[PDB]
Amino acid sequence: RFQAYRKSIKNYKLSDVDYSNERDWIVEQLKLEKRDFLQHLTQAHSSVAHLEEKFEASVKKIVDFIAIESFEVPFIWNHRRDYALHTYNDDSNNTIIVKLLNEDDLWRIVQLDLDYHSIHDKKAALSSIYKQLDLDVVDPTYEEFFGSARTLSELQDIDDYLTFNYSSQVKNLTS
Amino acid sequence: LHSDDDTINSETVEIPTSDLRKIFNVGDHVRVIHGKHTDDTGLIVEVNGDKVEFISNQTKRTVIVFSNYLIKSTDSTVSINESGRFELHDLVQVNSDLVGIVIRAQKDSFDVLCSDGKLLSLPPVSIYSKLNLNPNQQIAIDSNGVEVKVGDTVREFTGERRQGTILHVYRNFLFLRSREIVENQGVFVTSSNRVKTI
Amino acid sequence: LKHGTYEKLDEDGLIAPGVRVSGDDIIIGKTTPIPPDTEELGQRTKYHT
Amino acid sequence: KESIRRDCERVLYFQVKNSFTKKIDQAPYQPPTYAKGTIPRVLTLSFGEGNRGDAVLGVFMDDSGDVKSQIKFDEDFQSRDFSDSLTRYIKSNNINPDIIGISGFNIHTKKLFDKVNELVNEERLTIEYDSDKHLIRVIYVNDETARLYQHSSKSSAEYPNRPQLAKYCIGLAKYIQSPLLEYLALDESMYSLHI
Amino acid sequence: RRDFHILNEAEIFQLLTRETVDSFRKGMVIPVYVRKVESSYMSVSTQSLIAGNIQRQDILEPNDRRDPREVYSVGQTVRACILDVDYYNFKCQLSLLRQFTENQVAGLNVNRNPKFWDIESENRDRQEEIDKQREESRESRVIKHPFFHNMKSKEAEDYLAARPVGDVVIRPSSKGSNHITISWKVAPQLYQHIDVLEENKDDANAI
Amino acid sequence: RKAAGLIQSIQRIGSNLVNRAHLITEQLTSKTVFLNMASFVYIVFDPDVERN
Amino acid sequence: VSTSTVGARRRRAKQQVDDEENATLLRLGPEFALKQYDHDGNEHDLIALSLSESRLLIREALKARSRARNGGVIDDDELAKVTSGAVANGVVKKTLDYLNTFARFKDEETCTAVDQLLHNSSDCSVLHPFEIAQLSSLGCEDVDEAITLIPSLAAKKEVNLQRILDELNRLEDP
Amino acid sequence: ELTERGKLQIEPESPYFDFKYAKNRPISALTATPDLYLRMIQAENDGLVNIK
Amino acid sequence: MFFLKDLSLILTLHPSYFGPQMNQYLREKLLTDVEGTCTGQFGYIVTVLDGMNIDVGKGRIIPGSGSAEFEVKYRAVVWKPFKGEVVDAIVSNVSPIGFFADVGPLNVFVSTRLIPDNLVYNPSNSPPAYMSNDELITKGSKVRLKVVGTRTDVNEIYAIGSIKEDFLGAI
RNA sequence: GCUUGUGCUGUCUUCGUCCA
């Protein structure tokens, strides 16, 4: 099933910096999608500090399992459930288990892992185009809205900006 | 024979069939002689020597069949009789709460028009059952209150004000057959409340 | 079966003398056996033989 | 517009996945005084459309998955003869059902269900493990997979000498014995179900 | 796994009838095949074989006094409105009164909130749809008579101008096919149009 | 596709799988695939058959 | 449904290679042959139409019909809605959109000049009308491009193709 | 907004009648009812309505 | 390609319409039965020139049925694609098997096997597209394609295009 | 609760009927 999912991916093995960016992107995507669950977690478990940091660490560990160790969702759900939940002892010494992630969230993490590679390819192509442009001085707007870019729509916008403002270099390389 | 010399092109040569191989050009209607894809027609797309690839007409997908199994037939004219379990224009139960009418029939698939208008393409096995409704159940009542049976021509008054002859009845929906709506071979679905009898 | 009536026949399939007969009415009842169809799918007393 | 479309498609995808999960998450029926997950012995009945002509066909499947003793009843199901035949059939020493399943094509199946339930209750037909005694259960069976099974060529090859209604009864019994495998046996046809 | 699911009343009804408890409930209107007609009750069968029943107070209109047998006949199919559904016994009660069968059209709980629904555009479109349902067909009238001519009022006056006083011309009337206007020359450049009302007409074109 | 290959391999070796470790020692499956599938396939154990 | 003015064509035994439709070989079949006959049986030539000529003709005919139906009293949508038939309305809407988005000449005088240039020219006196329609429609810019897109023009090398294309580009409104 | 096709063919029977004259529906609430927005898109693809 | 053709239609009229408005009713019936239709022999009929002044002649009474048969001759604008012809198009839909374009009323389907490999289909793109390094073809984008094969139906025409040759693709 | 079923041989030979 992983081979079927990754059959369309041109290159799956990311570098270390790109892999860390992938983990951060998946954490941000899950934070966006699971906003109500995180709000419920923060409100109903106010006594425990920094639960969202534990959520981030758990999501990063699940991404690590799926990408590097290539564990499928049932194996993670059954034999790696301790990384998907957090436990603490209250003032009354009450053992409380909090379930940070479920099986559907693991499937969503798989989907985001698959999705991010298109963003990575688009970003690599855009950076390559910028390299062939070979500006004498780095454009502050380009780097400013390239570092924070996280969707292919903004990459398309940067591509439009580059092909407009530096159309002469594009014509020279080549309306 | 065909050649650059005109004098050679005006000669007929009798040649044994054991030393002849068919020539298939790209963009020709060809009908499959024998195989799993028997009686499939379409247009040739790629000619990889012995193996020929063509976009089908019925399934409308590319099919790879050997060149020995192809005959140049400019028209399909495929008859779907003695196949499946469903005559044309049968009111078929798709699943527990879905029903439709067979619009076009194929060797191993069917085209079904739902009561709401959505079209589906399904294999014959996936269809739940065939509704053999009794004649008394196959009766509806128009907006005026006049009974309308199968074969009665009616014409709408709301909407586009179309007209057709009743082909099937399901609950309040009337399946009508019409001459001018060529989009789905005349079959369009309307509720009995929208029509008036002529 | 035919379109005529069969109520004038007796148990043995023959009409009795003294009975009124009109056109097409059945006066001799005869049947021939036929290898049964797939009606053995279940037809308790109504499968044609 | 594209972003909202993608988000709504994701939400609908997860809803459909949860609905299908609710559909296929069923254990086999647990006979009383036996541990959960034990395969029961099943007897299924159906006359079909419920018309005047239609006869009742029965199929008995044991806990090993082998079809045993398909029978055909040749009398009106509203008569005393059908009740006597069913009482003799169930009380036979070679057949020991744990549950009786009934399904059909229309509302006439309610009469068959009521008749069988009343017969079981009145005659006190109890489960024969051959102490505490329990009556056999009579239920309605969801026939989502049986109607596709009866037309499948695999079923026809498996039972060449049997009619369609016998295959319907076998499908109902197999569904009672293992819903998951019956859903799996549909192959491409399980995407056409009402999920 | 979870325990084997056992069907409830709604699931049994949906299984045996293929009609959900949403698409078959109180207030809906369906066509039913009448099977029995009696003095106080009526028995009908719906499309999905669910046995219906209608009582004396729900068959006839309040202003009606005729016997129910004279009004309906076995085998006829009529429209009826559901008043109760028994999901366990597959039995339902219906009413044939005008107040239930026709008035209840808006069977869906569409959220017509003014801030969330374009009420005025819907009203304008519905008014235009009624103004298009008011459309009618009409055609000219042909009459065979020696002094009849298919002319307007001014055309008839001009035709009578060339003729002396006392000559008579007949033209169709503007009040409808049931009226005929007869114009005769009273005096030079003076004409009288008289409308004639027709009774017991065999046809629109007939006299 | 892996399931059919596994079934054919088992039918080659003798249609009986004695132990979970034989999915690796007999080269039937690779390391990661076995690591995923080891605890989800089981072999029924009869104490009367195995006294040791 | 509709029947052409050309009839007969009964059974024979010989088979010809000039029977299949092919734009490259300029084999347009019998019903689209170079020689046609009118209702009076007189000689008639095949009438090709470029998108400019076709757009002008359809606009003129549609506005004439709309004026006639309104008792002799510009928008494409209303003009399409003048016609009857929902499928006909959709077809005329699609043709109007296609013509509008690829109109090389939206002016009557420019189209007249283009037609005069492509007809009265000595080189174009041998050119097939289909070739003329293709050249005036596709808006090619190069001789090599025109030859690749239109293989028939390869065998007619006695045509001043480049200057005619430049004149067409000049007449084309930028 | 409704096109002419939508102006005619949007009948009470149709599933698209729910949102025939909808307005002031926030984007934040669309994800709660995905079927509604998917039906809007499918109606748009038919050329009946336009989502603005 | 558009053409001018002299076409004829046989129109049958019921005796209930034998009135003074017979000619105009026949004209409107001809217009409704000709405008927008698609015949495989001719292609697509878009409009009829001089639609309000078409001669209808004298109808012949069919023996045994009373109805009159009219022979109506008219000139109409007709469009029909040809094999091996290059025309412009507008992409209407994008799919993994290929893209669907519209050439007026005609819908042309081009499979991936007739598309150059560098124009890789990108389903993640918004909207989905077949894109290359320097080319990007999506819904609503102008494309120039060459018609390879034409499929004739009862009252419909299906065309197949290709963009694998030179001077094709994005424009 | 109970409902009504939907058609016919061929080929010769002989004897007859009304004209012619």
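The numbers here are math on the coordinates, done by the rules we state, and not lab data. In this analysis, Cβ positions are derived from the backbone assuming ideal geometry, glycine residues included, and neighbour counts consider all displayed protein chains.
Figures for the structure shown
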| item | result |
| --- | --- |
| At 0.692 mPa s and 37 °C, Stokes diffusion of the stretch D:49-195 via Kirkwood alpha-carbon radius, µm² per second | 201 µm²/s |
| Per-residue average of Cβ from other chains inside 10 Å of G:101-112 | 1 |
| Neighbouring partner chain Cβ atoms per residue of D:29-38, average, 10 Å criterion | 1 |
| Burial order of peptide ranges E:184-194, I:42-52 (average beta-carbon count within 10 Å, highest first) | I:42-52, E:184-194 |
| Descending semi-axes in Å of the stretch I:57-102, equivalent ellipsoid built from Cα gyration tensor | 46, 16, 9 |
| For chain B, calculated [θ]222 nm from helices alone, where every DSSP H run of n ≥ 4 adds -39500 (n - 2.57) | -500 deg cm²/dmol |
| Mean separation of Cα contacts under 8 Å, 6 or more apart, over the residue count of chain E: relative contact order % | 12 percent |
| Residue (of G:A33, G:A8, G:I47) at the positive-pole extreme of the stretch G:1-48, dipole from beta-carbon charges | G:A8 |
| For chain I, convex hull of alpha carbons as volume per residue, Å³ | 147 Å³ |
| Separation between Cα centres of the stretch C:28-49 and chain F, rounded to whole Å | 56 Å |
| Phi to ³J(HN,Hα) by Karplus 6.51 cos²θ - 1.76 cosθ + 1.60 over the stretch G:13-23, Hz, x for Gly, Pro | 10, 6, 10, 10, 8, 8, 10, 7, 5, 7, 5 |
| Check: the protein assembly as shown dipole with +1 on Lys, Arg Cβ and -1 on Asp, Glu Cβ, in debye | 2560 debye |
| Helix I:22-34 vs. chain I, principal-axis angle (Cα, 0 to 90°, nearest 10) | 20 degrees |
| Helix axis angle, F:2-13 relative to chain F longest principal axis, alpha carbon, degrees | 50 degrees |
| For chain C, alpha-carbon Rg over 2.2 N^0.38 Å | 1.51 |
| Fewest-first sequence of A:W77, I:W79 by Cβ atoms within 10 Å of each Cβ | A:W77, I:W79 |
| Dipole magnitude (debye, nearest 20) for chain C, charges at Cβ of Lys, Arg, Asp, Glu | 100 debye |
| Long-range HN-HN contacts of I:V86 with modeled amide H, under 5 Å | I:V147 |
| Computed over the stretch I:83-171, the ratio Rg/Rh where both radii use C-alpha atoms and Rh is Kirkwood | 0.95 |
| Positive-end residue of G:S84, D:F77, E:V85, charge dipole of the protein assembly as shown with Cβ unit charges | D:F77 |
| Label-point separation in nm, D:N18 to E:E9, each point 7 Å along Cα→Cβ | 2.7 nm |
| Cβ-based charge dipole, the stretch I:1-82, positive-most Cα from I:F2, I:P20, I:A68 | I:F2 |
| Phi-based couplings in Hz for the stretch E:31-37 (Karplus 6.51, -1.76, 1.60; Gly and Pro marked x) | x, 10, 8, 5, 10, 9, 10 |
| Size of electric dipole in the stretch I:83-171: Cβ of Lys, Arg +1 and of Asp, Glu -1, about Cα centre, debye, nearest 20 | 100 debye |
| Modelled label reach - I:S126, point 7 Å along Cα→Cβ, the stretch D:1-23 residues with backbone N closer than 19 Å | D:1-13 |
| Order of E:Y88, I:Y17 - criterion: other Cβ atoms within 10 Å of each residue's Cβ, fewest first | E:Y88, I:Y17 |
| Distribution of pairwise C-alpha distances over chain E, 5 Å bins, in % | 1, 6, 10, 9, 8, 7, 6, 8, 8, 7, 7, 6, 6, 5, 3, 2, 1, 1, 0, 0, 0, 0 |
| C-alpha long axis of helix H:34-45 to longest principal axis of chain H, angle in ° | 40 degrees |
| Neighbour-limited loop hits for GluC sites (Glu not before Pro), the stretch B:7-87 (at most 13 other Cβ within 10 Å; DSSP other than H, G, I, E, B) | B:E11, B:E14, B:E82, B:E87 |
| Debye equation applied to the C-alpha atoms of the protein assembly as shown, log10 I(q)/I(0) at 0.04, 0.09 Å⁻¹ | -0.36, -1.57 |
| Fewest-first sequence of B:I139, A:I9 by Cβ atoms within 10 Å of each Cβ | A:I9, B:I139 |
| Average beta-carbon neighbours from other chains, 10 Å sphere, peptide G:56-63 | 3 |
